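Asker: I would like the atomic coordinates for the input below:
(chains A, B, C, D, E, F, G, H and I)
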Amino acid sequence: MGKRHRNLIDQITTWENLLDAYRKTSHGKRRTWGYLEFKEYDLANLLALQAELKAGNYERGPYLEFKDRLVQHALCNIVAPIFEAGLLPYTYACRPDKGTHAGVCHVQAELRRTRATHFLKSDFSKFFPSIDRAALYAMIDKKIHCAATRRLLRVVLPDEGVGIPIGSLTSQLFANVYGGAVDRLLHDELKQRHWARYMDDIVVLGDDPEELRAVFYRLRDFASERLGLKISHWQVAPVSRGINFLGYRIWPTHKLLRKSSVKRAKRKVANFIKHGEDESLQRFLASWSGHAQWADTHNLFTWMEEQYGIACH
Amino acid sequence: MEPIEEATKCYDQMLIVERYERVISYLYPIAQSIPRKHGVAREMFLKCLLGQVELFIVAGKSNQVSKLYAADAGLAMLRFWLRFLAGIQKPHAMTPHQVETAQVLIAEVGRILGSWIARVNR
Amino acid sequence: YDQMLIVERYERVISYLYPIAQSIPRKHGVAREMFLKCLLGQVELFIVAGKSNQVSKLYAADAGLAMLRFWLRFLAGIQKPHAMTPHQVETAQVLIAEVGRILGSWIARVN
Amino acid sequence: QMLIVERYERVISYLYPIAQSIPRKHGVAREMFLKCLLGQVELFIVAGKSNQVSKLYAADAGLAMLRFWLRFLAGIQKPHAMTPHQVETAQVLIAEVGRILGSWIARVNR
Amino acid sequence: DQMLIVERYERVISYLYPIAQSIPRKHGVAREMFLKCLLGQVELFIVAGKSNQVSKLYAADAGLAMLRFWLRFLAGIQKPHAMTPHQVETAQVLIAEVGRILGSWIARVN
Amino acid sequence: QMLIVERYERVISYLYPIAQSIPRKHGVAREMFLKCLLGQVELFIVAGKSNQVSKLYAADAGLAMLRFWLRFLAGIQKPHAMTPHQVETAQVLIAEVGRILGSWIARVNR
RNA sequence: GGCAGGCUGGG
RNA sequence: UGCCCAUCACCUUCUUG
RNA sequence: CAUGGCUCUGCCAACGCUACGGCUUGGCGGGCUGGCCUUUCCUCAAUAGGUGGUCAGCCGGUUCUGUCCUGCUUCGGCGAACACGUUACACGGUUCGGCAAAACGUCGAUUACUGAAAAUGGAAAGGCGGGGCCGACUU
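Answerer: Residues are numbered from 1 along each chain as shown, chains lettered A, B, ... in the order given. Shown next is the protein structure:
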């Protein structure tokens, strides 16, 4: 909005927000030690959080706590819409009114509207464990401009390391940003007008399967040197193999679910929980967090963190 | 910030109460609709409904198993009140969808109380 | 100290909540009567705890403070005339938290 | 023995309609009767979560107190006597719960 | 035995309950609390009889004392005269009768 | 006991009129104050019979609650019902019954 | 996702 | 995936008196 | 319900009780619990979205379970494990244009500019998008 966004810590710590954040943080997490210990004195908790954030004395506890997820939700209520507006239409991950489904539809559509002939489908590396958390904060910082939101973003996600912590509302929006770079190297540069990124995977329908392969090389070279994410699950398939984007392989004709893996994992986790084996689950989780770091499984990673409260790290 | 701590932070009491708050949030609207008459039944139901929280919490904060059983007794009495407000209350009080709904919520609180009774019993 | 301090800090809860609890419509008059009995009767819970220096009676004092916070939560959703508006539960919760703090310190001092 | 509650719940189902009826005039007596009637369920419930003879006698007392309430509500005067039938036709119900309570007391005692 | 005390206390209630219903609204809490002490002392006698601990017979005595207190209290409670001093006397006679039985019962247990 | 109650009767006799002056609005606070005031007599009485020191400290808690109620009615009850003077005079009377309760506590924990 | 064991039917 | 049932927030007009 | 309230009155009666004043209790008004206590309805019913399970139609329903598993390739492919034609094989408007001005986005830019300093000021021009726009047809 006129760029700038130079006073977000005022809106992040509005009660009206630290409550929205509260209600969003407690959504589903209302059977957790964190909500239940917070809820006790919870608009007094939110009054000492509001006034931690409004002071610049918010200090994230270790990996999240309820307040930490609430601070994240209170950031990502004011930060999110000022990044998620610079997220080209065709990024289908963790945004509002543009969910998973809308992408399995955009992709299909953009394979129909301009029927296309061929397509690329990449899938960045451990997007979150690979995010510079550094050239991320050169995008979380060409848009924040509020030097306190910026310092709250940098508590909520430190401006070092190489690893956006998987499953943080912050990450989500952030990786849909340190990913949007590649969306803005597809759609802006590269003039790829038909694509769809849901975090890591950037389907890129073409017509010269040789052009998509170019696009992909250009995308990988970019996202590896600017963004530090090493694409690997890439293909340049003709539109016929089906674009395994967002769990639905979406060829112009219908789009059938993929899963099996998700479902297997979902079940594996659920079983582990109701087996008292929540310590080998960390091993399994670490494993599946490797098989899925490549895939756009972030909203899925948030989803699984929301369902079982499982810090995979 | 570190959320305002209560002492004897008991997860089970916090959870049970929060979950039981959903029983109250369901039943209190349909306690407060039992007409003018059946006001004593209502007041007694409301004292059972809203007063079970104290049983849990006194159960939660004073980790003596005596109080949990007496919170189970209270949950049991609350189940009676549903039974009662459904059946024996005569205009209506609680539609059988509501006992079905309420019994689920009290059942959820029943589950948590049971787990809590068990974890203390060990 | 201890009991005297806790009660003077809790008196601020009562001074805040009693007006709220007197405003609760008669319709919500069990809730109200039970809230008032929890509010004004936590003073008894505090009083008993200081009469005894028995950590159980200050956990019963904690239980009452917890019930009082339940009451704040409850009267806020209390369907109609939600006794404690969001603001009144922020204010009250802060006061009860202050009483909570003192109770916690007192529980610890006894521990 | 939780047929106790389910046999008592017909005492309540009989007595509540007419305890409701106990006019405002006799309102403490009603409130106290209703607290005795509907609160014996709690007395029974507590007895069945404990199976300690003390709580079983408390259930008996409440049936005993409930029996008192019938006799009291009898001579409450005016139109609003729990009519002798109802005392009788509730004393039958309370007696049925009394029998089961007695058997339960005995089962625990021996 | 609980049955005797309660039947003699029923006379207190039958005397005091009418008087305790005349205790003015202006003295309504006192009234409702007196009524709850009066009917409700029946419970304390019954509970004392439906078991034996002698501690529950003392609680029956405490309740009568609260009841005797209530008589003395309500007699000369204010300008809205609740209980006439005679009624405290008449009631005190009846409460004394149940007092005697409670005393004998406490003794027989002791 | 007997003397504590007769001295506490003076508290009630002072505070009940003060408690009956509390306006309608603060009627539940009033009801609750009166139940603390008139019902502490029960706390004293029950200790009088059942001498276990457990029962005597509950009497103290009630007086402390009664003392709280004075504080509450003087100030927190918003038309500060009890005037500070009334609080002063009441606290003197409560203090007298406090003294007797203290002596009684001491006599029991010899 | 599927196979199997249940469970709930089949006419 | 379309036909729908669990089920979660809503959107109500409904009168819960 | 904005709860069989009211320590709440007026009236009128009479269970009763009276300290003979009353009170009580019942009518019977009225006042009273937030605009005027409408709203806020709490119910319930009910429209449209999500989440899981299922019908691609009398054998399935429904999870609890136990397990199992996520590739391959001949470079074309194939597979994704009977929701089985993994898709009632046909669209949701994932529709068609016409646009892309604006708003939106993004970049230009936290640049120009202002001001010692951009300091929680601050653009734009422009460029790039479609996310936006206008019809058609359908929804």
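Asker: and the gap between residue A:253 and residue A:155?
Answerer: Computed as C-beta to C-beta, to the nearest Å, the residue A:253 to residue A:155 distance reads 48 Å. For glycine as for every other residue, the C-beta is placed from the backbone atoms N, C-alpha and C.
Asker: buried ones in the lengthiest helix in chain A?
Answerer: With residue count as the measure and DSSP state H as the assignment, chain A has helix A:209-225 as its longest helix. In terms of neighbour count (16 or more other C-beta atoms under 10 Å in any protein chain shown), helix A:209-225 has its buried residues at A:209, A:211, A:212, A:213, A:215, A:216, A:218, A:219, A:220, A:222, A:223.
Asker: hang on, the earlier thing: comparing residue A:253 and residue A:155, which residue is more hemmed in?
Answerer: Applying other C-beta atoms under 10 Å in any protein chain shown to residue A:253 and residue A:155 shows that residue A:155 carries more neighbours, namely 19 against 11.
Asker: who's in contact with whichever strand or helix holds the more buried one?
Answerer: Using DSSP states H and E, residue A:155 maps to helix A:149-156. When contacts are defined by C-beta atoms under 8 Å, 6 or more residues apart in numbering or on different chains, helix A:149-156 is touched by residues A:5, A:8-9, A:12, A:53, A:56, A:58-60, A:68, A:71-72, A:75, A:78-79, A:137, A:140-141, A:144, A:168, A:170.
Asker: hmm, the helix or strand containing residue B:97 in reach of RNA strand I?
Answerer: Taking DSSP H and E as the criterion, the element that holds residue B:97 is helix B:96-121. Yes: if you take C-beta under 7 Å from any atom of the strand as the test, helix B:96-121 does meet RNA strand I, through B:97, B:98, B:101.
Asker: one step back: packing partners of the longest helix of chain A?
Answerer: Helices and strands touching helix A:209-225, by 3 or more C-beta pairs under 8 Å, 6 or more residues apart in numbering or on different chains; DSSP states H and E, are strand A:118-121, helix A:180-183, strand A:202-205, strand A:235-238.
Asker: which stretches in the stretch 1-150 of chain A count as helices?
Answerer: With DSSP state H, counting those that start in this stretch as the criterion, the stretch 1-150 of chain A has helices at A:9-12, A:15-26, A:33-39, A:42-53, A:66-75, A:80-83, A:100-110, A:127-130, A:149-156.
Asker: any idea how far the fifth one is from the chain center?
Answerer: When you say that, I think you mean helix A:66-75. For helix A:66-75, the separation from the chain centroid amounts to 16 Å (computed by C-alpha atoms, centre = their mean, to the nearest Å).
Asker: do that helix and chain B meet at all?
Answerer: Yes: using C-beta under 8 Å from any C-beta of the partner chain, helix A:66-75 reaches chain B at A:66, A:67.
Asker: just the C-alphas of that helix, formatted as PDB.
Answerer: C-alpha atoms of helix A:66-75 as PDB (Å, rounded to 0.1, in the frame of the first residue of the first chain):
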ATOM      1  CA  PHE A  66       1.600 -20.600  22.700                       C
ATOM      2  CA  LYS A  67       2.600 -17.000  23.100                       C
ATOM      3  CA  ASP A  68       5.200 -17.600  20.500                       C
ATOM      4  CA  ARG A  69       2.600 -18.900  18.100                       C
ATOM      5  CA  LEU A  70       0.400 -16.000  19.100                       C
ATOM      6  CA  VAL A  71       3.100 -13.400  18.500                       C
ATOM      7  CA  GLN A  72       3.600 -15.200  15.100                       C
ATOM      8  CA  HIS A  73      -0.100 -15.000  14.500                       C
ATOM      9  CA  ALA A  74      -0.100 -11.300  15.400                       C
ATOM     10  CA  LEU A  75       2.800 -10.600  13.100                       C
END
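Asker: can you tell me what sits against that helix?
Answerer: Residues external to helix A:66-75 that are found in contact with it (C-beta under 8 Å, 6+ apart): A:12-13, A:17-18, A:20-22, A:24-26, A:29, A:32, A:34-35, A:37-38, A:45-46, A:49, A:53, A:58, A:60-61, A:64, A:149, A:152-153, A:155-156, A:168-170, B:1-3.
Asker: report the contact partners of residue 99.
Answerer: Looking at chain A here, since you left the chain open. For residue A:99, the contacting residues are residue A:92, by C-beta under 8 Å, 6+ apart.
Asker: that was the other one, I meant chain B.
Answerer: B:82, B:83, B:85, B:86.
Asker: and residue 96, how many neighbours?
Answerer: Picked chain A for this. Residue neighbour count, defined by other C-beta under 10 Å, stands at 8 for residue A:96.
Asker: hmm, no, I was thinking of chain B.
Answerer: A count of nearby residues for residue B:96, using other C-beta under 10 Å, gives 12.
Asker: so the residue positioned nearest the centre of chain A is in which element?
Answerer: The central residue of chain A, meaning the one whose C-alpha is nearest the mean C-alpha position (C-alpha atoms, centre = their mean), is residue A:172 at 2.6 Å. Secondary structure assignment for residue A:172, by DSSP H and E: helix A:169-175.
Asker: how about residue A:213: what's its closest non-neighbour residue?
Answerer: Setting aside the residues directly before and after it, residue A:213 is nearest to residue A:236 in space (C-beta to C-beta, 6 or more residues apart in numbering or on different chains), at 4.3 Å.
Asker: what residues are bridge-paired with that neighbour?
Answerer: Beta bridges link residue A:236 to residue A:120 when assigned by DSSP bridges.
Asker: thought it was touching residue A:118?
Answerer: Yes: the pair formed by residue A:236 and residue A:118 meets the contact definition of C-beta atoms under 8 Å, at 6.8 Å.
Asker: against residue B:81, how distant is residue B:38?
Answerer: Using C-beta to C-beta, residue B:38 is found at 12 Å from residue B:81.
Asker: before we move on, back to that, closest one of the residues of helix B:96-121 next to RNA strand I to chain C?
Answerer: For those, the minimum distance to chain C (C-beta to the nearest C-beta) is 14.3 Å, reached by residue B:98.
Asker: neighbours around the closest one, how many?
Answerer: A count of neighbours around residue B:98, defined by other C-beta under 10 Å, yields 18.
Asker: what does residue A:184 give?
Answerer: If we define neighbours as other C-beta under 10 Å, then residue A:184 has 17 of them.
Asker: wait, it touches residue A:90, no?
Answerer: No: Residue A:184 is not in contact with residue A:90 according to C-beta under 8 Å; the separation is 10.7 Å.
Asker: how about residue B:69: what's its closest non-neighbour residue?
Answerer: Of all residues not flanking residue B:69 in the chain, residue D:49 sits nearest, at 5.6 Å (C-beta to C-beta, 6+ apart).
Asker: now do the buried residues in the helix or strand encompassing residue A:302.
Answerer: Per DSSP H and E: residue A:302 is located in helix A:298-308. Neighbour-count burial for helix A:298-308 flags A:298, A:299, A:300, A:301, A:302, A:304, A:305 (criterion: 16+ other C-beta under 10 Å).
Asker: need phi/psi at the closest residue to the second one other than its chain neighbours.
Answerer: Spelled out, that is residue A:299. Closest residue to residue A:299 in three dimensions, ignoring its sequence neighbours and counting by C-beta to C-beta, 6+ apart: residue A:94, at 4.9 Å. Torsion angles at residue A:94 (phi, psi; degrees, to the nearest 10) stand at phi 0, psi 70.
Asker: neighbours of residue A:94, how many?
Answerer: 26.
Asker: so it touches residue A:199, yeah?
Answerer: Yes: contact criterion C-beta under 8 Å: residue A:94 and residue A:199 qualify, at 7.0 Å.
Asker: anything in contact with each of the two?
Answerer: Common contacts of residue A:94 and residue A:199 (C-beta under 8 Å, 6+ apart): A:176, A:298, A:299.
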